[PDB]
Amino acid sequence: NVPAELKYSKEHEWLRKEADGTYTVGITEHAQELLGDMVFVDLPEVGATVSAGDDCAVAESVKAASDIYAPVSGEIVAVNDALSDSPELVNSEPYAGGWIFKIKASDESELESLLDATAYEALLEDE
């Protein structure tokens, strides 16, 4: 299980190119299984300039306070303040309702150097 239409990163995040040129971000199934039952998601500041590889949110699961990084630099568009009420959504719907935030990719030369779907499992059978 790894939505073939989505791009992925080293830190186990999934990006979805939104028609309106924007970008939705969340954590991969595999990742949210390792973490654990989510109890609170620390969302990044709404309207914040972030860089790729930069920690922009902290996931607190019964198991630990885990770091979540932004795969691509840019402007913090929106945040799923639906999680600030149902953090479990990150476990149940890692790709659906468990979406963390959206963004605008300031410099899109970063997409070039990422991993596709099939390139994710290849990473999973090691890391």
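Start at 1 with the first residue shown and count on from there. In this text, rigid core is short for the largest set of C-alphas that superpose within 1.5 Å between two forms.
Greater root mean square CA deviation, 59-67 compared with 86-94 in 5 other deposited structures of this protein, core aligned: Of 59-67 and 86-94, the stretch deviating more in 5 other deposited structures of this protein is 59-67.
Is 10-18 or 107-115 the stretch whose C-alphas end up farther from this model in 5 other deposited structures of this protein after a rigid core fit? Looking at 10-18 versus 107-115 in 5 other deposited structures of this protein, the farther one turns out to be 107-115.
Between 18-26 and 114-122, point out the one with the higher average CA B-factor as the PDB entry records it. Higher of the two, by average CA B-factor, is 114-122.
When the Cα temperature factors in the entry are averaged, is it 62-70 or 98-106 that ends up higher? According to the PDB entry, the answer is 98-106.
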